[PDB]
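Novice: need a 3D model of the following:
(5 chains)
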Amino acid sequence: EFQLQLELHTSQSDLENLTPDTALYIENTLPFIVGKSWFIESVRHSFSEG
Amino acid sequence: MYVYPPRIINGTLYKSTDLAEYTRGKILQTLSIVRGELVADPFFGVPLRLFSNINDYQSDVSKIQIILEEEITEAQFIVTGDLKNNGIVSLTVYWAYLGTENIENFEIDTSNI
Amino acid sequence: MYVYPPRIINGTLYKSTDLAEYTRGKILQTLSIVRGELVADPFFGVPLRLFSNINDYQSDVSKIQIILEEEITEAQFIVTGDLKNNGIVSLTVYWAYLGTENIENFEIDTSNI
Amino acid sequence: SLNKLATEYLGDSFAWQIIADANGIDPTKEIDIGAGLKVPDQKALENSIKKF
Amino acid sequence: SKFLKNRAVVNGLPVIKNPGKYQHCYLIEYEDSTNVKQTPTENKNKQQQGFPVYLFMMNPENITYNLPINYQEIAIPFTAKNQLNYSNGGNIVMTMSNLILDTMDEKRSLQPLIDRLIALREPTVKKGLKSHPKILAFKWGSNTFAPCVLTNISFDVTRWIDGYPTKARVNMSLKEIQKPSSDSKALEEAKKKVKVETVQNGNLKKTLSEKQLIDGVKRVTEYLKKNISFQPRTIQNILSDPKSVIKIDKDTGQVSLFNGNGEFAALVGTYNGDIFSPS
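Specialist: Residues are numbered from 1 along each chain as shown, chains lettered A, B, ... in the order given. Please find the structure below.
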């Protein structure tokens, strides 16, 4: 019912806890996004330089 | 191979198996052919300018040097020109055959016909 | 492991378990071999220039120092050159074993041969 | 020696087998002082490779 | 600076004799850089006459040569240095600026020279085809630069007579190009084939001509009629047929016998340009 594209700087917790088996909770954003579980369709980790 | 100057020796053309004298024959053939004497290729040959001023007598030396390096790639050429008294312009062509490591004499040179 | 200088001690090749003296033997092996003395590797060895005037006598010191650093990576090398009276050029190679922190004395030197 | 000739001209000490094979000479035998030899080039050894 | 110069490199340089005349540089057509003024006066309708394309009225005060060499960088992450990979060597760029043209006192127009230098942009007509402009050589004394092409030219004119320029500064740039091959393509391939340094399947280096095919058939017939007695049965019985022919391949030279039916029967040998080699 909603689609979300999130491009963000990778961190360690953003590497281990960001899997499609988890429920995403985005804060400090629009009211209809805050407080809702977002199902992760896919995660991609790119490395072009450091 | 058949060296440049056609000489019937022992009833046949001088057939040598050493590339040093063949290269020397190539140099002699290049210097002995004047531009235009050859028909198939009218551009091959040494440019000849005889009855003129010597104000620019080194340009001909440079052109002869360039022709020698272009036509014969198996040898290294250095051409030097100096002025004599009456009308003679003396050209010296220093050539070395890159295949060999030492100067090579030729036994046909000592042969007197 | 066997250290460079082949000495038959107690009926067998000197076998050492301390890597500092093995490194010292490696330094001696490198300094005792000149480039072109080994067949397998004709490039390994120090470059030797013996009969020449003493003007560029730091260049060979620098080359030896560089060769010692490249060949032996377990030690730090500093090579200095002094000019003696008659014809002697005195080279001093200060080396330290990066595996140890203190100067390591070897008991094989104290033994009388 | 053939080792020196292989090192200077071909850059490899074990390349001497080529030089001897280029001269038909037994390496264990003696080469007279003043005898001519043929040493292959590095860059001109690749044009002896015939492709068909 | 003659007390700090390295005498070792100086003494290894050739010694040049001073000309007895003040020399002026010029641009000439390439390959015409070796011809020697075939005629006293230049003829436009004929080529390779050894006359300069453009004669400098005054020599350059300086000449700049620039050469870039192109390497390619590959930045592998977490390495101390980039990976440098050689790509290509680049072309020499020759530049001479502030060249003087001056005929104000002579009251002579410079327009022909400017036209001559400008005409180096137009295509030439090799045969009936539009081609590239003239490939040049900058010659000065015994020195040359390269096979080069005029790339940029500019004029700054400060004096005129009747509207015709008489004093100008000229900035021009030539670029060294790859040396054209004087070996065409038939010759370049033929001499590649002669040293057998080409890829060879199994064909002859010289494909047989129709006269060569006729002569090869002649030689094969001669040898066969001479050696018919020693041929094995399976070949003499097919040669007994008057409807049998000999066919030689154009590229490989293999000789074959074809019976009355027109089918291949046996291989007899090989024929190159000169000799028949029986199998």
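Novice: quick check: residues of the stretch 51-200 of chain E near chain D?
Specialist: Neighbours of chain D within the stretch 51-200 of chain E, by CB under 8 Å from any CB of the partner chain: E:195, E:196, E:197, E:199, E:200. The way it works is simple: take the backbone N, C-alpha and C, and place the C-beta from them, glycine included.
Novice: next one: phi and psi at the last one?
Specialist: Main-chain dihedrals, residue E:200, degrees, to the nearest 10: phi -120, psi 120.
Novice: looking at it, it is touching residue D:50, isn't it?
Specialist: Yes. Assessed by CB atoms under 8 Å, residue E:200 is found in contact with residue D:50 at 7.3 Å.
Novice: interface residues of chain A facing chain E?
Specialist: A:47, A:49, A:50.
Novice: so the residue at minimal distance from the centre of chain D: helix, strand or coil?
Specialist: Chain D has residue D:19 as the residue nearest its centroid, 1.6 Å off, counting by CA atoms, centre = their mean. Following DSSP: H, G, I helix; E, B strand; the rest coil, residue D:19 is assigned to helix.
Novice: just residue E:172 next, same as before
Specialist: The local conformation at residue E:172, judged by three-state DSSP, is strand.
Novice: from chain C, how far off is the residue lying closest to residue E:264 once chain neighbours are set aside?
Specialist: Using CB to CB, 6 or more residues apart in numbering or on different chains and skipping residues adjacent in sequence, the residue nearest residue E:264 is residue E:256, 5.6 Å away. From residue E:256 across to chain C, the span is 57 Å (CB to the nearest CB, to the nearest Å).
Novice: likewise for residue E:37?
Specialist: 53 Å.
Novice: correct me if wrong: that residue contacts residue E:43.
Specialist: No. Contact between residue E:37 and residue E:43 fails when scored by CB under 8 Å: they sit 11.4 Å apart.
Novice: so these two - more neighbours on which side?
Specialist: Using other CB atoms under 10 Å in any protein chain shown as the criterion, residue E:37 and residue E:43 rank with residue E:37 on top: 14 against 10.
Novice: ok, the more buried one to residue D:48 distance?
Specialist: Remark: distance between residue E:37 and residue D:48 (CB to CB, to the nearest Å) = 47 Å.
Novice: now residue E:156: which helix or strand?
Specialist: strand E:148-161 (DSSP states H and E).
Novice: that strand near chain B anywhere?
Specialist: No. Strand E:148-161 lies out of reach of chain B by CB under 8 Å from any CB, never closer than 15.4 Å.
Novice: buried residues in that strand?
Specialist: By 16 or more other CB atoms under 10 Å in any protein chain shown, the buried positions in strand E:148-161 come out as E:148, E:149, E:150, E:153, E:155, E:157.
Novice: so what secondary structure elements neighbour that strand?
Specialist: If you count contacts as 3 or more CB pairs under 8 Å, 6 or more residues apart in numbering or on different chains; DSSP states H and E, strand E:148-161 packs onto helix E:111-118, strand E:136-140, strand E:164-176.
Novice: who touches it?
Specialist: E:27, E:93-94, E:104, E:107, E:109-110, E:114, E:117-118, E:120-121, E:133, E:135-138, E:165-177 (CB atoms under 8 Å, 6 or more residues apart in numbering or on different chains).
Novice: mind checking which of those residues are buried?
Specialist: Buried residues within the contacts of strand E:148-161, counting neighbours by 16+ other CB under 10 Å: E:27, E:93-94, E:109-110, E:114, E:117, E:120, E:135-138, E:165-168, E:170, E:172-176.
Novice: what does chain E put close to chain B?
Specialist: Counting by CB under 8 Å from any CB, chain E sits next to chain B at E:17, E:19-21, E:23, E:31, E:33-37, E:48, E:139, E:141-144, E:182.
Novice: tell me the phi and psi of the residue in chain D positioned nearest to chain A?
Specialist: In chain D, the residue found nearest to chain A is residue D:11; the distance is 38.6 Å by CB to the nearest CB. Per-residue torsions, residue D:11: phi 80, psi 0 (degrees, to the nearest 10).
Novice: with adjacent residues omitted, what lies nearest to it?
Specialist: Ranked by CB to CB, 6+ apart and with sequence neighbours excluded, the top spatial neighbour of residue D:11 is residue D:42, at 6.4 Å.
Novice: can you get me a residue count around that neighbour?
Specialist: Using other CB under 10 Å, residue D:42 has 11 other residues around it.
Novice: before we move on, what about residue E:60?
Specialist: As a burial measure, residue E:60 scores 19 neighbours (other CB under 10 Å).
Novice: distance of the residue in chain B that chain C sits nearest to from chain D?
Specialist: Residue nearest to chain C within chain B: residue B:101 (19.8 Å; CB to the nearest CB). Computed as CB to the nearest CB, the residue B:101 to chain D distance reads 8 Å.
Novice: ok, now residue B:30?
Specialist: 24 Å.
Novice: look up phi and psi at whatever residue of chain B ends up closest to chain A.
Specialist: Relative to chain A, the nearest point of chain B is residue B:73 (49.1 Å; CB to the nearest CB). Note on residue B:73: backbone dihedrals following degrees, to the nearest 10 are phi -90, psi -10.
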